[PDB]
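Participant: this one's experimental. Sequence and coordinates below.
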Amino acid sequence: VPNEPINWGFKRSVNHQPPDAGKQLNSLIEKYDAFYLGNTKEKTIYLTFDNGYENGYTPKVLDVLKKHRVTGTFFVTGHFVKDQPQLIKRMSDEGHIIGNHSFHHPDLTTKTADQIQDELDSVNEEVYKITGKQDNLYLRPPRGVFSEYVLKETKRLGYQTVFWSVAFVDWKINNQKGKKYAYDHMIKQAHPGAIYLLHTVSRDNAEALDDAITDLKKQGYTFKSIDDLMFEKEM
C-alpha cells in the first residue's frame, strides 16, 4: 500500500450541515474503518481532546464535563501521561476515554511497523501503570498526518483511527483569543454527528466549553462518547 503523507483537512461545516472530506478520502478511511463523523441522522456531538502538554486548565475542563455529565475522549501523548499522572487518573476515574496520540507524537509515515507498535503500546503501558485499566484502542495520528500504510498498520494493531469534523485555533499559546472566540466556533460549526477536536491549553477554553455545552444542549443536541459512537454504529 502507498505511504504518501496525507494531512487530515476538510472544508469547514456550513449552515450546520456535516462537512465532507471528498470521495477519495471517504473511500480511504472507510477501507480501514477510520471515521471523522458519528451519526449524522440525529443531533449528537462527540467531544474529543488532544493533550500533548498541560497549561493549567485541564482540571477545569474535567470539572465542566462532570457538571454536564458528558464523556470526553482524550488523545494523550507519552509526555502528557508522564507529566500529568494525576490528570490521567481523573480521566479514568471520571468515566472518560483515554485515546492514543502516540508516545513521541512523531510523523507515523516515517516510522516502521515495529516503531509504530512501540510508539503506541508505550502510551497504553504507561496509562495502565497509572489506571490499571485500558480503553478500547483509539488513535489520532500526530498532527493529523497519515497514509494508507499508517492506516493499514495501525488497524492491524487493532487501532481505530479517529479524525474530526470540527476544530479551530485553540492551541496557539502565543495568541490566546479568549472565551468568545472558542465559544463562537463551537456554536457556529456545530452539526449532527460532529466530532469536535479541542485542546485544553488556551485561556478560558474550559469556560467556553461550559457555555457551548449549555447552549448546544438547549438547542436540542445530545453529547455522546466515541465508545457510544462505535457501539451504536454496530447495532
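Facilitator: Sure thing, it's come through. Residues are numbered from 1 along each chain as shown.
Participant: A helix includes residue 161, no?
Facilitator: No: residue assignment for residue 161, taken from DSSP: H, G, I helix; E, B strand; the rest coil, gives strand, which places it outside any helix.
Participant: nearest spatial neighbour of it, skipping sequence neighbours?
Facilitator: Spatial nearest neighbour of residue 161, excluding adjacent residues (CB to CB, 6 or more residues apart in numbering): residue 34 at 3.9 Å. To be clear about C-beta, it is placed using only N, CA and C from the backbone, and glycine gets the same treatment.
Participant: ramachandran coordinates for that neighbour?
Facilitator: Dihedral angles of residue 34 (phi, psi; degrees, to the nearest 10) stand at phi -80, psi 160.
Participant: residue nearest the centroid of this protein?
Facilitator: The structure's the chain has its C-alpha centroid closest to residue 48; by CA atoms, centre = their mean the separation is 3.6 Å.
Participant: bridge partners for it, pull those for me.
Facilitator: Taking DSSP bridges, one obtains residue 73, residue 197 as the residues bridged to residue 48.
Participant: same question for residue 223.
Facilitator: When bridges are assigned using DSSP bridges, the partners listed for residue 223 are residue 45.
Participant: give the contact list for the residue nearest to residue 161.
Facilitator: Residue 34 makes contact with 28, 151, 155, 160, 161, 162, 163 under the criterion CB atoms under 8 Å, 6 or more residues apart in numbering.
Participant: can you check residue 63 too?
Facilitator: Contact partners of residue 63, counting by CB under 8 Å, 6+ apart, are residue 206.
Participant: going forward, begin numbering at 24 instead of 1
Facilitator: Renumbered: residue one is now 24, and that last one reads residue 86.
Participant: and it, what element?
Facilitator: For residue 86, the host element (DSSP states H and E) is helix 81-90.
Participant: how far off centre is that helix?
Facilitator: 16 Å (CA atoms, centre = their mean, to the nearest Å).
Participant: now stretch 193-204
Facilitator: 19 Å.
Participant: follow-up on the earlier one: now the buried members of the contacts of residue 57.
Facilitator: For the contacts of residue 57, burial is judged from neighbour counts taken by 16 or more other CB atoms under 10 Å, and it is met by 51, 174, 178, 183, 184, 185, 186.
Participant: can you name every helix or strand that the host helix or strand of residue 240 contacts?
Facilitator: With elements taken from DSSP H and E, the one containing residue 240 is helix 228-242. Helix 228-242 is packed against helix 81-90, helix 202-211, strand 245-247, with contacts defined by 3 or more CB pairs under 8 Å, 6 or more residues apart in numbering; DSSP states H and E.
Participant: redo those as TSV? Include distance to residue 158.
Facilitator: TSV is the format used below for the helices and strands packed on helix 228-242 (distance: least, CB to CB, whole Å):
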stretch	distance to residue 158
helix 81-90	16
helix 202-211	25
strand 245-247	15
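Participant: closest to residue 224 out of these?
Facilitator: Each of the helices and strands packed on helix 228-242 was checked against residue 224 via CB to CB, and the shortest separation belongs to helix 81-90, namely 8.4 Å.
Participant: now the closest one against helix 228-242, angle please.
Facilitator: Angular relation of helix 81-90 and helix 228-242 on a 0 to 180 degree scale: 20 degrees, by axes from the mean of the first three to the mean of the last three CA atoms, to 10 degrees.
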